[PDB]
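Structure first, then comments.
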Amino acid sequence: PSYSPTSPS
Amino acid sequence: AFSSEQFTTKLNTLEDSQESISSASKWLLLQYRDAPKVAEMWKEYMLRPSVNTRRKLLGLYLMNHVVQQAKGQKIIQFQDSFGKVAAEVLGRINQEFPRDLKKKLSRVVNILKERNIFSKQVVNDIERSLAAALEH
């Protein structure tokens, strides 16, 4: 799903 | 009482999904008492050669989550404990991670200094360590 710092939850 | 490898087990049950990282991060944020304990464990784990890049990157995400959400919790204990070990871990992964991975951690550590997550004392140490590794 890919995790980015701006989208943690 | 104390669950054995409670932190280690969660690190091996995570996914690159935000829904996953958040599930463990929010679980750690409620137990700020073990902040220094989970910090050293995290550091040690990422320093173990048994931990593949996949797991290293996964564990890195959890750190970014807890230190970022810590701003709302107002618990500097997490940022303090993770900050002192971050300078070490970041300096290690930056010299082992490939080009595609170094870029990913670049934005991760960037937001940390941009949002002033850690103290300027350690922040200046992290950024310089990254640049030092680029000095060939």
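Every chain in the structure tokens takes a letter, A first, then B, and so on in the order presented; its residues are numbered from 1, and the ligands are numbered from 1 following the presented order.
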Using only C-alpha atoms, find each residue of chain B with at least one atom at most 12 Å away from an atom of chain A; report its shortest atom-to-atom pair and that distance in Å (one decimal), sort the rows by chain and rising residue number, and return the result as JSON lines.
```
{"residue": "B:14", "atom": "CA", "partner": "A:3", "partner_atom": "CA", "distance": 11.6}
{"residue": "B:15", "atom": "CA", "partner": "A:1", "partner_atom": "CA", "distance": 8.5}
{"residue": "B:16", "atom": "CA", "partner": "A:2", "partner_atom": "CA", "distance": 5.4}
{"residue": "B:17", "atom": "CA", "partner": "A:1", "partner_atom": "CA", "distance": 4.9}
{"residue": "B:18", "atom": "CA", "partner": "A:9", "partner_atom": "CA", "distance": 5.1}
{"residue": "B:19", "atom": "CA", "partner": "A:9", "partner_atom": "CA", "distance": 5.7}
{"residue": "B:20", "atom": "CA", "partner": "A:9", "partner_atom": "CA", "distance": 8.4}
{"residue": "B:21", "atom": "CA", "partner": "A:8", "partner_atom": "CA", "distance": 7.3}
{"residue": "B:22", "atom": "CA", "partner": "A:9", "partner_atom": "CA", "distance": 5.3}
{"residue": "B:23", "atom": "CA", "partner": "A:9", "partner_atom": "CA", "distance": 8.4}
{"residue": "B:24", "atom": "CA", "partner": "A:9", "partner_atom": "CA", "distance": 10.7}
{"residue": "B:25", "atom": "CA", "partner": "A:8", "partner_atom": "CA", "distance": 9.3}
{"residue": "B:26", "atom": "CA", "partner": "A:9", "partner_atom": "CA", "distance": 9.5}
{"residue": "B:57", "atom": "CA", "partner": "A:3", "partner_atom": "CA", "distance": 10.4}
{"residue": "B:58", "atom": "CA", "partner": "A:3", "partner_atom": "CA", "distance": 9.4}
{"residue": "B:59", "atom": "CA", "partner": "A:3", "partner_atom": "CA", "distance": 11.8}
{"residue": "B:60", "atom": "CA", "partner": "A:5", "partner_atom": "CA", "distance": 10.8}
{"residue": "B:61", "atom": "CA", "partner": "A:3", "partner_atom": "CA", "distance": 7.6}
{"residue": "B:62", "atom": "CA", "partner": "A:8", "partner_atom": "CA", "distance": 9.1}
{"residue": "B:63", "atom": "CA", "partner": "A:5", "partner_atom": "CA", "distance": 10.5}
{"residue": "B:64", "atom": "CA", "partner": "A:5", "partner_atom": "CA", "distance": 7.0}
{"residue": "B:65", "atom": "CA", "partner": "A:8", "partner_atom": "CA", "distance": 6.1}
{"residue": "B:66", "atom": "CA", "partner": "A:8", "partner_atom": "CA", "distance": 9.5}
{"residue": "B:67", "atom": "CA", "partner": "A:5", "partner_atom": "CA", "distance": 10.9}
{"residue": "B:68", "atom": "CA", "partner": "A:5", "partner_atom": "CA", "distance": 8.6}
{"residue": "B:69", "atom": "CA", "partner": "A:8", "partner_atom": "CA", "distance": 8.9}
{"residue": "B:104", "atom": "CA", "partner": "A:4", "partner_atom": "CA", "distance": 8.6}
{"residue": "B:105", "atom": "CA", "partner": "A:5", "partner_atom": "CA", "distance": 9.7}
{"residue": "B:106", "atom": "CA", "partner": "A:5", "partner_atom": "CA", "distance": 10.7}
{"residue": "B:107", "atom": "CA", "partner": "A:5", "partner_atom": "CA", "distance": 7.7}
{"residue": "B:108", "atom": "CA", "partner": "A:5", "partner_atom": "CA", "distance": 5.9}
{"residue": "B:109", "atom": "CA", "partner": "A:5", "partner_atom": "CA", "distance": 9.2}
{"residue": "B:110", "atom": "CA", "partner": "A:5", "partner_atom": "CA", "distance": 9.6}
{"residue": "B:111", "atom": "CA", "partner": "A:5", "partner_atom": "CA", "distance": 7.3}
{"residue": "B:112", "atom": "CA", "partner": "A:5", "partner_atom": "CA", "distance": 9.2}
{"residue": "B:114", "atom": "CA", "partner": "A:5", "partner_atom": "CA", "distance": 11.9}
{"residue": "B:115", "atom": "CA", "partner": "A:5", "partner_atom": "CA", "distance": 11.4}
```
> To one decimal place, how far is CA of residue 113 in chain B from CA of residue 78 in chain B in Å?
Replying inline: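 So the two atoms, CA of residue 113 in chain B and CA of residue 78 in chain B, lie 15.6 Å apart.
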>> DSSP on the backbone, alpha helix (DSSP H) only: what residues of chain B does that give? Format it as number ranges by chain.
In response: B: 6-11, 18-29, 35-47, 53-73, 76-93, 99-114, 120-132
> Of the candidates B:117, B:132, B:51, B:123, which shows the shortest atom-to-atom distance to residue 91 in chain B, using only C-alpha atoms?
Replying inline: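 Looking only at the distances to residue 91 in chain B, the closest residue turns out to be B:132.
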